[PDB]
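Residue-level listing of the chains:
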Protein chains: 4
Amino acid sequence: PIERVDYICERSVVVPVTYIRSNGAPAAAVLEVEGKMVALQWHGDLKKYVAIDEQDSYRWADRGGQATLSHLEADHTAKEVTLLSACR
Amino acid sequence: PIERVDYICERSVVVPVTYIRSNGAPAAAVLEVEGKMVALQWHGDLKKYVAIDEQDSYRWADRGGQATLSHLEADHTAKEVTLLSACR
Amino acid sequence: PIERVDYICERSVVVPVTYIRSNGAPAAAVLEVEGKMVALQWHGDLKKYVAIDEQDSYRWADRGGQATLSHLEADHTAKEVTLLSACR
Amino acid sequence: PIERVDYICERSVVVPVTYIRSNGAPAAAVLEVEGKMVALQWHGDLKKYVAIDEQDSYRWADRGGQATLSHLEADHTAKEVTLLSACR
């Protein structure tokens, strides 16, 4: 299943998302944020999508009506930075 | 499998693509073209990805080193319009 | 004067434009097309805006309700390619 | 004068900017951030460019090698939010 969902975040920022499912389960999300196309893979353990690029580790948490785009710099001192809190 | 591929087309136009595979086979492609995020599903019969939106029916043909972005307006008189011929 | 105008072209392609005027006259246009920010300068002789980058010579013709995005490759054999015919 | 400058910010975020000058002085900046084209006018008093849209009041401070994208929500309780700290 392929589903296009547009999210509207603070400052009227639009985050377009493509969700890709496989056999009932979340598998992939692709989104456009900060001028990048960000491919993310579902992480059932973290219950969040995590960018496939370890260098540029966006995370996208789908919580139904709401969603959160965060980012973790690739550093042990780095903490997850919430970048946007979205609504579809 | 999730794979980010960037394509460079005529006029140095960059088409970012996310390919999503399922059990060895192509399944989905997501690309950014003409300022849109375009979700496409693999069509084995047409051996091309076809937008999930019948209204805005981009097609993306992956031919290895080269790729073609086309579009079909949703009309019986409409013919496939080649929009870009890409290289990765 | 600075004016944001959004144009809707074929395939529902949106071309956002910023027009910059100086002392009553057109001076600059900035648009987003083909994933690029394209800065153009008014050419009174050609009555069209011409990209400042001679390498990537978009032209934008403002004809009121309608507008045309064209491109000229930097070659003597090259002819102006109409890329989009827009409406605001 | 029309000048294209690309800025690289945190998370490798690229902010393309067009600066428009008039008779030696800054006048306008157009940038692409958060998926928007943002037209800004120079404010000599604030020594920063301020979006022409009072609703979506990005500010862009050009400090030579470095630059800052901020935003002010249109509310008396709102404080300027630094969104990015850029380098050209």
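- The deposited coordinates derive from X-ray crystallography, with the record listing a resolution of 1.90 Å.

- The name that the PDB entry assigns to chain A is Brucella Abortus PhiA, with the source organism given as Brucella abortus biovar 1.
- For this structure, the PDB header gives the title as "Crystal structure of Brucella abortus PhiA".

**As for the interface of chain A and chain B**
Right, on to step 1. The partner chain B presents 16 residues to the 16 residues of chain A that form the contact.
Right, on to step 2. Between chain A and chain B, a total of about 1,300 Å² is buried, with carbon and sulfur atoms accounting for 76% of that surface.
Right, on to step 3. A per-residue breakdown of the area chain A buries against chain B is headed by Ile-2, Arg-4 and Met-37 of chain A, which together make up 44% of the total.
Right, on to step 4. Here chain A is connected to chain B by zero salt bridges.
Right, on to step 5. Applying the counting criterion to the chain A and chain B interface returns two residue pairs in polar contact.
Right, on to step 6. Elements that contribute at least two residues to the side of chain A that touches chain B include exactly β1 (2–8), β2 (14–22), β3 (25–33) and β4 (36–43) of chain A.
Right, on to step 7. A total of five residues in the side of chain A that touches chain B trace back to one element, the largest contributor, which is β2 of chain A.
Right, on to step 8. Split by residue class, the side of chain A that touches chain B holds eleven nonpolar, three polar and two charged.

Rules used in this analysis
- Residues numbered from 1 in each chain as written, not as in the entry; some residues may be left out.
- Chains lettered and ligands numbered in written order.
- Heavy atoms only, no water.
- Contact = heavy atoms within 4.5 Å.
- Buried area = accessible area lost by both parts, 1.4 Å probe.
- Salt bridge = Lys/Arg side-chain N within 4 Å of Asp/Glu carboxyl O.
- Polar contact = N/O pair within 3.5 Å; in protein donor to acceptor, adjacent residues only side chain to side chain.
- Helix = DSSP H or I, 4+ residues; strand = E, 2+ residues; numbered from the N terminus.
- Nonpolar A, V, L, I, M, F, W, Y, C, P; charged D, E, K, R; others polar.

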